[PDB]
Amino acid sequence: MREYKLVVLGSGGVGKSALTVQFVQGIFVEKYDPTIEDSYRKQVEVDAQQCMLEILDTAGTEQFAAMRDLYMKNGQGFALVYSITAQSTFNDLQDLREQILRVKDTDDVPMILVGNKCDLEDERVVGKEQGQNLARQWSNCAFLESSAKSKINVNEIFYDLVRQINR
Ligand SMILES: Nc1nc2c(ncn2[C@@H]2O[C@H](COP(=O)(O)OP(=O)(O)NP(=O)(O)O)[C@@H](O)[C@H]2O)c(=O)[nH]1
Ligand SMILES: [Mg+2]
């Protein structure tokens, strides 16, 4: 069983914790309690192998960007999450992507772009094609739309990072 160091990051309120807790506990967290930093270890199976996932659930609201440097250096795969209902959270993604690539000093890092809250179609402001096209611009990055609430594409976020790391 191999270890995989995964990092969930993105701006405040996008559902990083809701996705992570849905994945780990199978429960949807309705409260919005801002994260400082939480970590989970979970044994899962991907492609018929036991995998030990270390999942870092990070703060969306940081005092300064350099707070993220260490977990970027240590992380092997990154789920960059925005909310399809929150324009600013999509806008914020480029800084985060660039910071990962700078800190890890490389062009190619396992990553998936996640448009969360896809159950809130009435409130959608980020189009699906918009998200797909950003992922494409990011050197054909993986992309999905998820819902922690409706349990859509939650496991797939983490499984896809494992598969990327295995390449
Ligand atoms: N309808 C819906 N609501 C959601 C989804 N994900 C999260 N939420 C809700 O959005 C709010 C913020 O979620 P949360 O997981 O705390 O976001 P976060 O990205 O971890 N915030 P922070 O960066 O401060 O830690 C919560 O009220 C949560 O229930 C989703 O897929 N659909
Ligand atoms: Mg959180």
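With ideal geometry, Cβ positions are generated from the backbone for all residues, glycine too; neighbour counts draw on all protein chains shown. FYI, it's all coordinate maths here, none of it is from the lab.
What to note about this one:
- Computed FRET value (nearest 0.05) for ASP47 with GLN87, which takes r as the C-beta separation and R₀ as 35 Å: 0.45
- Scattering from the chain was approximated by placing one identical point on each alpha carbon and applying the Debye formula without solvent; log10 I(q)/I(0) at 0.09, 0.10 1/Å stands at -0.26, -0.32.
- For the range 21-59, applying the loop criterion from DSSP together with a ceiling of 14 other beta carbons within 10 Å to the GluC sites (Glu not before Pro) yields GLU30.
- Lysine pairs in the chain with Cα atoms under 13 Å, if 8 or more residues apart or on separate chains: 10
- Cβ-Cβ FRET estimate between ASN74 and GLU123, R0 fixed at 41 Å, reported to 0.05: 0.75
- Cα-Cα separations in the range 72-133 greater than 12 Å, expressed as whole percent: 68 percent
- Kirkwood Rh in Å, taken over the range 105-167 so that all alpha-carbon pairs contribute: 12.5 Å
- Computed [θ] at 222 nm, helices only, for the chain once each DSSP H run of length n ≥ 4 contributes -39500 (n - 2.57): -9500 deg cm²/dmol
- Alpha-carbon radius of gyration plus Dmax, which is the widest Cα pair, for the range 1-97 in Å: 13.7, 41
- Calculated FRET efficiency, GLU98 to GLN63, Cβ-Cβ distance, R0 = 22 Å: about 0.70 to the nearest 0.05.
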